[PDB]
Structure formats: C-alpha cells, structure tokens
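Enquirer: query-v4.cif (mmCIF, C-alpha atoms and all ligand atoms) pasted underneath:
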data_coords
loop_
_atom_site.group_PDB
_atom_site.id
_atom_site.type_symbol
_atom_site.label_atom_id
_atom_site.label_comp_id
_atom_site.auth_asym_id
_atom_site.auth_seq_id
_atom_site.Cartn_x
_atom_site.Cartn_y
_atom_site.Cartn_z
ATOM 1 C CA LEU Y 123 0.000 0.000 0.000
ATOM 2 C CA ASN Y 124 2.954 2.339 0.640
ATOM 3 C CA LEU Y 125 3.313 2.977 -3.109
ATOM 4 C CA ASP Y 126 0.398 4.570 -4.944
ATOM 5 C CA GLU Y 127 1.966 3.465 -8.234
ATOM 6 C CA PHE Y 128 2.091 -0.119 -9.502
ATOM 7 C CA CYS Y 129 5.288 -2.159 -9.316
ATOM 8 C CA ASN Y 130 6.112 -4.934 -11.782
ATOM 9 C CA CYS Y 131 7.914 -8.205 -11.056
ATOM 10 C CA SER Y 132 8.490 -11.088 -13.452
ATOM 11 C CA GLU Y 133 6.402 -14.203 -12.857
ATOM 12 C CA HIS Y 134 9.625 -16.248 -12.781
ATOM 13 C CA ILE Y 135 10.170 -14.914 -9.247
ATOM 14 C CA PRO Y 136 8.563 -17.492 -6.921
ATOM 15 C CA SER Y 137 6.643 -16.965 -3.689
ATOM 16 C CA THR Y 138 8.471 -18.059 -0.542
ATOM 17 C CA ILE Y 139 6.032 -19.699 1.848
ATOM 18 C CA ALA Y 140 8.351 -20.080 4.854
ATOM 19 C CA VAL Y 141 11.938 -19.318 5.841
ATOM 20 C CA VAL Y 142 14.488 -21.382 7.775
ATOM 21 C CA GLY Y 143 16.921 -19.033 9.498
ATOM 22 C CA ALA Y 144 18.812 -17.600 10.997
ATOM 23 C CA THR Y 145 21.707 -18.154 13.415
ATOM 24 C CA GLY Y 146 22.256 -14.747 15.035
ATOM 25 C CA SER Y 147 19.573 -13.085 17.129
ATOM 26 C CA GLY Y 148 20.176 -9.629 15.670
ATOM 27 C CA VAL Y 149 20.104 -11.110 12.176
ATOM 28 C CA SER Y 150 16.922 -12.982 13.085
ATOM 29 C CA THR Y 151 15.323 -9.778 14.396
ATOM 30 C CA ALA Y 152 16.201 -7.839 11.243
ATOM 31 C CA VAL Y 153 14.836 -10.621 9.028
ATOM 32 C CA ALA Y 154 11.766 -11.071 11.236
ATOM 33 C CA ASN Y 155 10.744 -7.435 10.859
ATOM 34 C CA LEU Y 156 10.353 -7.719 7.075
ATOM 35 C CA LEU Y 157 9.007 -11.275 7.189
ATOM 36 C CA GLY Y 158 6.277 -10.475 9.710
ATOM 37 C CA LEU Y 159 5.441 -7.402 7.661
ATOM 38 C CA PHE Y 160 3.936 -9.893 5.180
ATOM 39 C CA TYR Y 161 2.977 -12.689 7.630
ATOM 40 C CA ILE Y 162 5.596 -15.072 6.210
ATOM 41 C CA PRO Y 163 6.379 -17.739 8.843
ATOM 42 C CA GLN Y 164 10.010 -17.941 9.948
ATOM 43 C CA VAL Y 165 11.414 -20.913 11.871
ATOM 44 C CA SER Y 166 14.864 -20.468 13.381
ATOM 45 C CA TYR Y 167 17.324 -23.151 14.452
ATOM 46 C CA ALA Y 168 19.933 -21.267 16.525
ATOM 47 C CA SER Y 169 18.548 -17.861 17.582
ATOM 48 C CA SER Y 170 17.790 -18.028 21.303
ATOM 49 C CA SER Y 171 17.318 -14.427 22.460
ATOM 50 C CA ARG Y 172 14.288 -13.880 24.682
ATOM 51 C CA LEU Y 173 13.480 -10.653 22.816
ATOM 52 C CA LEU Y 174 12.147 -12.802 19.959
ATOM 53 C CA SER Y 175 9.421 -14.165 22.257
ATOM 54 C CA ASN Y 176 7.522 -10.850 22.128
ATOM 55 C CA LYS Y 177 4.613 -11.431 19.745
ATOM 56 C CA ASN Y 178 3.450 -7.806 19.658
ATOM 57 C CA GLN Y 179 6.451 -7.196 17.372
ATOM 58 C CA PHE Y 180 7.443 -10.569 15.869
ATOM 59 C CA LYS Y 181 4.130 -11.939 14.624
ATOM 60 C CA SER Y 182 5.556 -14.811 12.553
ATOM 61 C CA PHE Y 183 8.518 -16.295 14.416
ATOM 62 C CA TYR A 20 -1.012 4.550 1.313
ATOM 63 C CA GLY A 21 -3.622 7.170 0.532
ATOM 64 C CA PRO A 22 -3.967 10.874 -0.259
ATOM 65 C CA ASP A 23 -5.214 11.585 3.266
ATOM 66 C CA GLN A 24 -2.391 9.573 4.889
ATOM 67 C CA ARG A 25 0.722 11.073 3.279
ATOM 68 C CA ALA A 26 2.275 14.482 2.587
ATOM 69 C CA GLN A 27 3.657 14.857 -0.946
ATOM 70 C CA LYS A 28 5.386 17.651 -2.822
ATOM 71 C CA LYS A 29 7.354 17.370 -6.058
ATOM 72 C CA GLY A 30 10.819 18.850 -6.427
ATOM 73 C CA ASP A 31 14.267 18.422 -7.898
ATOM 74 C CA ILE A 32 15.641 16.665 -4.794
ATOM 75 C CA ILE A 33 13.327 14.566 -2.620
ATOM 76 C CA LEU A 34 13.628 14.244 1.161
ATOM 77 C CA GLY A 35 11.888 11.540 3.147
ATOM 78 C CA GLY A 36 10.146 11.904 6.472
ATOM 79 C CA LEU A 37 8.862 9.737 9.302
ATOM 80 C CA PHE A 38 6.742 11.242 12.069
ATOM 81 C CA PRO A 39 4.325 9.855 14.650
ATOM 82 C CA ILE A 40 0.899 11.344 13.952
ATOM 83 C CA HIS A 41 -0.668 8.598 16.095
ATOM 84 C CA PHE A 42 0.470 7.538 19.560
ATOM 85 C CA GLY A 43 -0.088 3.831 18.983
ATOM 86 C CA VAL A 44 -1.608 1.187 16.769
ATOM 87 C CA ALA A 45 -4.828 -0.824 17.065
ATOM 88 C CA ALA A 46 -5.051 -3.285 19.952
ATOM 89 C CA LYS A 47 -7.098 -5.752 17.887
ATOM 90 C CA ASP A 48 -5.713 -9.274 18.054
ATOM 91 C CA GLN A 49 -5.242 -11.574 15.065
ATOM 92 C CA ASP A 50 -6.441 -15.167 14.838
ATOM 93 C CA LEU A 51 -5.524 -15.621 11.140
ATOM 94 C CA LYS A 52 -8.910 -17.136 10.315
ATOM 95 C CA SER A 53 -9.175 -14.714 7.380
ATOM 96 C CA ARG A 54 -6.584 -12.836 5.364
ATOM 97 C CA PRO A 55 -4.859 -10.289 7.633
ATOM 98 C CA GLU A 56 -5.563 -6.680 6.700
ATOM 99 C CA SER A 57 -3.903 -3.328 7.314
ATOM 100 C CA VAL A 58 -3.881 -2.218 10.946
ATOM 101 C CA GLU A 59 -5.137 1.235 11.947
ATOM 102 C CA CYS A 60 -3.346 3.394 14.497
ATOM 103 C CA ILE A 61 -5.639 4.941 17.060
ATOM 104 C CA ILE T 427 6.938 -26.725 7.833
ATOM 105 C CA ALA T 428 6.220 -29.932 5.909
ATOM 106 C CA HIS T 429 3.851 -31.211 8.609
ATOM 107 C CA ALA T 430 1.954 -27.917 8.634
ATOM 108 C CA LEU T 431 1.574 -28.226 4.861
ATOM 109 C CA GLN T 432 0.414 -31.839 5.260
ATOM 110 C CA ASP T 433 -2.165 -30.827 7.871
ATOM 111 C CA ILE T 434 -3.415 -28.317 5.309
ATOM 112 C CA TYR T 435 -3.489 -31.052 2.660
ATOM 113 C CA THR T 436 -5.673 -33.397 4.753
ATOM 114 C CA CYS T 437 -8.243 -30.842 5.928
ATOM 115 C CA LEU T 438 -11.745 -32.229 6.501
ATOM 116 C CA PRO T 439 -14.491 -30.086 4.928
ATOM 117 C CA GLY T 440 -16.064 -29.046 8.233
ATOM 118 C CA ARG T 441 -13.039 -28.871 10.545
ATOM 119 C CA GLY T 442 -10.849 -26.113 9.100
ATOM 120 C CA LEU T 443 -9.001 -23.593 11.243
ATOM 121 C CA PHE T 444 -10.463 -20.683 9.265
ATOM 122 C CA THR T 445 -13.801 -18.863 9.219
ATOM 123 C CA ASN T 446 -16.850 -21.147 9.462
ATOM 124 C CA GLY T 447 -14.490 -24.117 9.601
ATOM 125 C CA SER T 448 -13.301 -23.491 6.048
ATOM 126 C CA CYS T 449 -10.138 -25.159 4.775
ATOM 127 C CA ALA T 450 -7.322 -23.862 2.604
ATOM 128 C CA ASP T 451 -6.380 -25.135 -0.852
ATOM 129 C CA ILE T 452 -2.934 -26.711 -1.054
ATOM 130 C CA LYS T 453 -2.684 -25.785 -4.744
ATOM 131 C CA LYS T 454 -2.974 -22.065 -3.880
ATOM 132 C CA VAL T 455 -1.832 -22.151 -0.255
ATOM 133 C CA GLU T 456 -0.779 -18.853 1.324
ATOM 134 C CA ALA T 457 1.827 -17.918 3.913
ATOM 135 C CA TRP T 458 -0.575 -16.796 6.647
ATOM 136 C CA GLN T 459 -2.465 -20.102 6.494
ATOM 137 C CA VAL T 460 0.801 -21.997 6.981
ATOM 138 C CA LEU T 461 1.572 -19.710 9.920
ATOM 139 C CA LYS T 462 -1.846 -20.530 11.386
ATOM 140 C CA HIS T 463 -1.187 -24.256 10.996
ATOM 141 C CA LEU T 464 2.282 -23.888 12.537
ATOM 142 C CA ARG T 465 0.736 -22.182 15.565
ATOM 143 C CA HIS T 466 -1.422 -25.296 16.114
ATOM 144 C CA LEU T 467 1.169 -27.918 15.133
ATOM 145 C CA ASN T 468 1.586 -31.263 16.893
ATOM 146 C CA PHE T 469 3.579 -34.087 15.283
ATOM 147 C CA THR T 470 5.910 -36.935 16.228
ATOM 148 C CA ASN T 471 9.654 -36.935 15.594
ATOM 149 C CA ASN T 472 11.657 -39.709 13.970
ATOM 150 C CA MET T 473 13.071 -40.646 17.374
ATOM 151 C CA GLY T 474 9.519 -40.563 18.731
ATOM 152 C CA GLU T 475 8.955 -37.271 20.556
ATOM 153 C CA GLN T 476 6.129 -34.752 20.324
ATOM 154 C CA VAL T 477 6.900 -31.308 18.892
ATOM 155 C CA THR T 478 4.623 -28.369 19.690
ATOM 156 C CA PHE T 479 5.183 -24.631 20.009
ATOM 157 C CA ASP T 480 3.873 -22.529 22.881
ATOM 158 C CA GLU T 481 1.912 -19.275 22.660
ATOM 159 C CA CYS T 482 5.224 -17.550 21.827
ATOM 160 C CA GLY T 483 6.588 -20.121 19.370
ATOM 161 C CA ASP T 484 9.161 -21.756 21.655
ATOM 162 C CA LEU T 485 10.295 -25.375 21.973
ATOM 163 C CA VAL T 486 11.732 -26.214 25.393
HETATM 164 O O1 LIG L 1 21.133 -16.301 19.448
HETATM 165 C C1 LIG L 1 22.311 -16.532 19.068
HETATM 166 O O2 LIG L 1 22.969 -15.723 18.390
HETATM 167 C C2 LIG L 1 22.983 -17.869 19.442
HETATM 168 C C3 LIG L 1 23.897 -18.319 18.293
HETATM 169 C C4 LIG L 1 24.262 -19.696 18.498
HETATM 170 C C5 LIG L 1 23.707 -20.489 19.456
HETATM 171 N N1 LIG L 1 24.274 -21.740 19.380
HETATM 172 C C6 LIG L 1 25.210 -21.733 18.357
HETATM 173 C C7 LIG L 1 26.045 -22.748 17.892
HETATM 174 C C8 LIG L 1 26.884 -22.443 16.845
HETATM 175 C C9 LIG L 1 26.904 -21.170 16.265
HETATM 176 C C10 LIG L 1 26.082 -20.159 16.716
HETATM 177 C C11 LIG L 1 25.224 -20.443 17.776
HETATM 178 C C12 LIG L 1 22.651 -20.029 20.409
HETATM 179 N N2 LIG L 1 21.926 -18.888 19.757
HETATM 180 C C1 LIG L 2 0.012 -33.628 20.930
HETATM 181 O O1 LIG L 2 -0.318 -34.936 20.441
HETATM 182 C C2 LIG L 2 -0.086 -35.989 21.388
HETATM 183 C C3 LIG L 2 -0.396 -37.287 20.680
HETATM 184 O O2 LIG L 2 0.775 -37.868 20.124
HETATM 185 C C4 LIG L 2 -0.946 -35.765 22.628
HETATM 186 O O3 LIG L 2 -0.660 -36.777 23.587
HETATM 187 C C5 LIG L 2 -0.663 -34.390 23.220
HETATM 188 O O4 LIG L 2 -1.548 -34.136 24.305
HETATM 189 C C6 LIG L 2 -0.839 -33.308 22.159
HETATM 190 N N1 LIG L 2 -0.500 -32.002 22.701
HETATM 191 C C7 LIG L 2 -1.225 -30.904 22.466
HETATM 192 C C8 LIG L 2 -0.730 -29.641 23.106
HETATM 193 O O5 LIG L 2 -2.235 -30.928 21.770
HETATM 194 CA CA CA L 3 22.995 -15.993 10.147
#
Let me see whether you can do it: turn the structure in this file into structure tokens.
Expert:
Amino acid sequence: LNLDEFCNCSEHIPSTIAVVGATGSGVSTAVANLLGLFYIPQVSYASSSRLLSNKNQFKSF
Amino acid sequence: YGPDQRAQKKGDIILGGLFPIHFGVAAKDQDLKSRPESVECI
Amino acid sequence: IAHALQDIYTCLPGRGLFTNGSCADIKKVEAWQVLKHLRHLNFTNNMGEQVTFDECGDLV
C-alpha cells in the first residue's frame, strides 16, 4: 500500500512460503521485521534471544 | 497509502520523512482465520 | 513446515481452522495459512517425541 503506483515483477520470481533461518539473534530480528510485515512464517534453528518471544512485534517467528 | 495519509510535494531533490501522527496502533488481536488486513493506528 | 503443509493437505471439509471451519487449498496455499497451521502444530519426531510450540513459538 505504501506505493500509490504499480510495481512490476516477473512471474519467474517465486513466492516463498516459509523461511528457515537464521543463526544470530540480531540477524533474526532484522529478518523477522520484514518477514512479519507480510505474515511469512520464519522458523529459526539457533537464535535463542528472549526478545524474539515478544509477539506484539514478531508476529511470525 | 492514501492521499489523506501522506504528505507529498514534487521537487528536484526529494527528502523523506517519518513522524508519529498517532500515539499507537490498534489493539485488535489476530487469529488468522481470514486474510490479515492493514492495521489502523488509534 | 512440511507437517503444517500436510495438515493443510488433509483438511476435513467441516473442521478447518479458518472462518466457518473453512479449509485452505494446497494448490494455492498462502503464507498466513501456513503460519496458522504452525501455531497449532503437533507431530511426532523420527526418534519418537512430540513437537509443539507454545503461545510464543518456543520449543523447550
Ligand atoms: O542467538 C544466538 O545468536 C545464538 C547463536 C548460536 C547459538 N548456538 C550456536 C552454535 C553455533 C553457532 C552459533 C550459535 C545459540 N543462539
Ligand atoms: C500432541 O499430540 C499428542 C499425541 O501424540 C498428545 O498426547 C498431546 O496431548 C498433544 N498435545 C497438544 C498440546 O495438543
Ligand atoms: Ca545468520
């Protein structure tokens, strides 16, 4: 919605349904911002910071 | 966004801006039964 | 992720997680539906343990 104009992307670009990552908690937070912007689930394997338990910010983590 | 929710002016060099016009966002919870929609700040 | 997709794929017509018990279509599945199914996930590991996530998405 942020752009009034219309953007174009080639159909060859696929749609990611979920993401596996990442290792660092700061990296996971930065990724989680954009991913939860679009409600894309993200499942981490090494990030263990408690700050990523807050669901008022990280909707899909 | 929308004409009522943005301040635009054309020029040679464009500067961005980010200001809080609302103190906080909606407290409505999400159950993901339907497609999530845009949230409205209150 | 695969088990959430499978739970989508085997949805009974009147037991879906969505409005009025509606189910998703696995041919045109969307990210938020997979997130919904991950929030209510419960499956068994290869070694034989149960894997669920809490209200915050944690596995202890
Ligand atoms: O949150 C974090 O950044 C750490 C990173 C991390 C953990 N365990 C590891 C093993 C190997 C390499 C990196 C890690 C625990 N979570
Ligand atoms: C998950 O499924 C197992 C069956 O293997 C059951 O015993 C357990 O109570 C279930 N847990 C939840 C939270 O539904
Ligand atoms: Ca990393």
Enquirer: Residues of chain T near chain Y: apply a cut-off of 6 Å, count all atoms listed in the file, and supply the list as a PyMOL selection string.
Expert: chain T and resi 457-458+461+482
Enquirer: Quick check on the file I pasted: which residues fall under the PyMOL selection byres (((not hetatm)) within 6 of (chain L and resi 3))? Write them as a tab-separated table (two decimals) with C-alpha atoms, keeping the file's coordinate frame.
Expert:
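Wrote part.tsv, looks like this:
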chain	number	residue	atom	x	y	z
Y	144	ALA	CA	18.81	-17.60	11.00
Y	145	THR	CA	21.71	-18.15	13.42
Y	146	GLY	CA	22.26	-14.75	15.04
Enquirer: Excluding range 435-439 of chain T and its own-chain neighbours fewer than 6 positions away, which residues fall within 9 Å of it when counting only C-alpha atoms? Please give them as an MDAnalysis selection string.
Expert: chainID T and resid 447:452
Enquirer: Convert the current residue selection to file output with C-alpha atoms, as a PDB file, keeping the file's coordinate frame.
Expert:
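The new file selection_5.pdb reads:
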ATOM      1  CA  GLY T 447     -14.490 -24.117   9.601  1.00  0.00           C
ATOM      2  CA  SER T 448     -13.301 -23.491   6.048  1.00  0.00           C
ATOM      3  CA  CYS T 449     -10.138 -25.159   4.775  1.00  0.00           C
ATOM      4  CA  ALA T 450      -7.322 -23.862   2.604  1.00  0.00           C
ATOM      5  CA  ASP T 451      -6.380 -25.135  -0.852  1.00  0.00           C
ATOM      6  CA  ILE T 452      -2.934 -26.711  -1.054  1.00  0.00           C
TER       7      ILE T 452
END
Enquirer: What does the PyMOL selection byres ((chain T) within 7 of (chain A)) select in this file, as a list in words?
Expert: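 Output from the PyMOL selection byres ((chain T) within 7 of (chain A)), applied to this file: residues 443, 444, 445, 458 and 462 of chain T.
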Enquirer: Within 9 Å of chain A, which residues of chain Y show up when using all atoms listed in the file, listed as a PyMOL selection string?
Expert: chain Y and resi 123-126+161
Enquirer: Written as a PDB file with C-alpha atoms, keeping the file's coordinate frame, what is the full residue list that the PyMOL selection byres (((not hetatm)) within 7 of (chain L and resi 2)) yields on the file shown?
Expert:
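Saved to part-v3.pdb:
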ATOM      1  CA  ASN T 468       1.586 -31.263  16.893  1.00  0.00           C
ATOM      2  CA  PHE T 469       3.579 -34.087  15.283  1.00  0.00           C
ATOM      3  CA  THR T 470       5.910 -36.935  16.228  1.00  0.00           C
ATOM      4  CA  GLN T 476       6.129 -34.752  20.324  1.00  0.00           C
ATOM      5  CA  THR T 478       4.623 -28.369  19.690  1.00  0.00           C
TER       6      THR T 478
END
Enquirer: Quick one: axis-aligned box around all listed atoms of range 34-53 of chain A, 4 Å on every side, centre and edge lengths in Å to one decimal, written as JSON.
Expert:
{"center_x": 2.2, "center_y": -1.4, "center_z": 10.6, "size_x": 30.8, "size_y": 39.4, "size_z": 26.8}
Enquirer: So what do you get for CA of residue 36 in chain A versus CA of residue 157 in chain Y, distance-wise?
Expert: 23.2 Å
Enquirer: To one decimal in Å, tell me the separation between CA of residue 61 in chain A and CA of residue 42 in chain A.
Expert: 7.1 Å
Enquirer: If you count only C-alpha atoms, which residues fall within 7 Å of residue 60 in chain A, apart from same-chain ones fewer than 6 positions away, as a PyMOL selection string?
Expert: chain A and resi 41+43-45
Enquirer: What does the distance between CA of residue 459 in chain T and CA of residue 472 in chain T come to in Å, to one decimal place?
Expert: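 For CA of residue 459 in chain T relative to CA of residue 472 in chain T, the distance reads 25.3 Å.
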Enquirer: Given only C-alpha atoms as the basis, pick out the residue of Y:127, Y:134, Y:143, Y:151 nearest to residue 173 in chain Y.
Expert: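 Closest residue, counting only C-alpha atoms: Y:151.
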